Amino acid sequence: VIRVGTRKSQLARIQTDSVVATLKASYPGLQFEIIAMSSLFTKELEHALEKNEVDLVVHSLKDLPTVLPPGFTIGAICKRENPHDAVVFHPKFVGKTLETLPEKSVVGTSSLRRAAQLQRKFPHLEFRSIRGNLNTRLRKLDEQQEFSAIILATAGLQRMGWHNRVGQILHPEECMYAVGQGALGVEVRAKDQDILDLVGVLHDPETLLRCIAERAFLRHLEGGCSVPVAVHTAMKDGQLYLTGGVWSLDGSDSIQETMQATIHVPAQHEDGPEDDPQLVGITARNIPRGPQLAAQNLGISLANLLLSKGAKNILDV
């Protein structure tokens, strides 16, 4: 049996089921039991793992820290869903963008990354804090008299089935995404080789590499989930392009730079050794180590350039 622990929440459940459906397709001759428990929530799922009550936990990659706690690791980086930030609008706005929205219009977001970027880009728009989950945030926009629009993740809206509410997908010139956004991560016990082996199938090499680069960049910057650090990655013609940015809380101050590295997306897998340290919290012992190391190096390089341009001033408000 494969005991998968999940949060009782609707978005946590869907993401969990999606990973389980892939593992099921890879391992049809194995049992999968689902345990539902309800960073307060991250902690109790990690206590179950400790007890061996569950073997896997499925999380969003942006929610995980760059250094996981002792004895845990990210066994699988899944294929990436849309990483972009999207705008949902108030019904009264018949085909508008943030650009065409009236001046002093309120925009709901609890992300400093989004608010910082969007304040700089759309200075004539007010950004207030919105609280709750997608269904709550969507109800508040529709019913209440406060918000003209709300900023949310395309991946998240997509998973709930509510891509019909996406009004505008924001591009990197407007609002670059969070590190690991649109990617699911599978947490596992670091010394359970049998569980790490199974989860190895879920690793997508293109996403894994981009996600190491992004996590390496953030770890070097001393960033985390709730910090105004944003990134954009791509892999085209054997090149990994990493754009990273740092903003002040109001967007007034911002450093943004782009670097690239010759890194090839590996088609084939391997049987790497157990003593290979996990990179940026990730265990990809069945994926070539050459390309992973290069991705981390690229992330570090970009963090080092940003810090040389005083990126630590902007962050330490």
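We call the rigid core whatever largest set of C-alpha positions still superposes within 1.5 Å between the two forms. For every residue, the number given is its place in the sequence shown, counted from 1.
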Between 204 to 212 and 94 to 102, the one whose CA atoms sit farther away in 6 other deposited structures of this protein (rigid core aligned): 94 to 102
Stretch with larger C-alpha RMS deviation in 6 other deposited structures of this protein, core superposed, 109 to 117 versus 225 to 233: 225 to 233
Coordinates lacking for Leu40, a third or more of other entries: yes
Would you class the number of unmodelled deposited residues between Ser38 and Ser39 as none, 1 to 3, 4 to 9, or 10 or more? 10 or more
Which is higher on average in the deposited entry, the C-alpha temperature factors of 220 to 228 or of 154 to 162? 220 to 228
Compare the mean C-alpha B-factor of 94 to 102 with that of 75 to 83 as given in the PDB entry, and name the stretch with the higher value. 94 to 102
Going by the deposited entry, which of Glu206, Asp237, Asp142, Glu214 has the highest CA temperature factor? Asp237
Taking the Cα B-factors listed in the entry, which of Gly281, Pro291, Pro69, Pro28 comes out highest? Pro69
Tell me, lowest, middle or highest third: where does the Cα B factor of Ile287 rank within its chain? middle
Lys43 CA temperature factor, ranked by third within the chain: highest
Where the record places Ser60 (Cα B-factor, split into thirds across the chain): middle
Divide the modelled residues of the chain into thirds by Cα B-factor and specify which third, lowest, middle or highest, holds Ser129. highest
Tertile call for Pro123 (CA temperature factor, within chain, third-based) is the highest
